[PDB]
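For reference, the structure discussed in these notes is given below.
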Amino acid sequence: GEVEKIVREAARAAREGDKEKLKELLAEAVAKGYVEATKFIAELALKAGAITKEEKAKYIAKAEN
Amino acid sequence: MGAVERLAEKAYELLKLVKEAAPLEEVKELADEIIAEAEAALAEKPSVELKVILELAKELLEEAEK
């Protein structure tokens, strides 16, 4: 339920180019421990130029934690 | 990179093709690549996320064909 909602909202944010919403959704996936969603959203955020590769690695680590 | 990152990277390129009004055959080529890759990844490491990525790609292609 909520994983699906987060992933679909991130896809919409990526299509719209909304970097802040991408980062907000990324932060949600990270805090909730959704590793797959974090990795997917972090990569969209990286391709959008919203985060760096080092930030991506830190977000993924926090989600796994 | 793992499986979902590879899919996200391709999905970003797919969104670019849609936004730039690339030919439908190019949209379909990349969407179908994503769909097949997500299906294979789902069998290896099932997750709701992979199912949703697959559905997102199928939905984008369906809308692009209309």
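Just so you know, all these numbers are worked out from the coordinates, no wet-lab data involved.
Please report, in whole Å³, the volume per residue of the convex hull around the C-alpha atoms of region A:2-64.
Values: hull volume 3.6 nm³, N = 63.
Taking only Cα atoms, region A:2-64 has a hull volume of 57 Å³ per residue.
Global size of chain B: 11.5, 34 Å for Rg and Dmax (C-alpha atoms, Rg to one decimal, Dmax whole). Over all directions, the projected convex hull of the C-alpha atoms in the protein assembly as shown averages 7.3 nm² in area. Past 21 Å, Cα to Cα, is the threshold; run A:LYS19/A:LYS53; A:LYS19/B:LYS19; A:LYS19/B:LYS58; A:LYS5/A:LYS39; A:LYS56/B:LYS58; A:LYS19/B:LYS10 against it and keep the listed order. With Cα atoms farther than 21 Å apart: A:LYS19/B:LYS58; A:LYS56/B:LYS58. Within chain A, the whole DSSP H helices whose Cα atoms reach 20 Å or more along their own axis and whose mean Kyte-Doolittle score is at least -1.0 are A:2-16.
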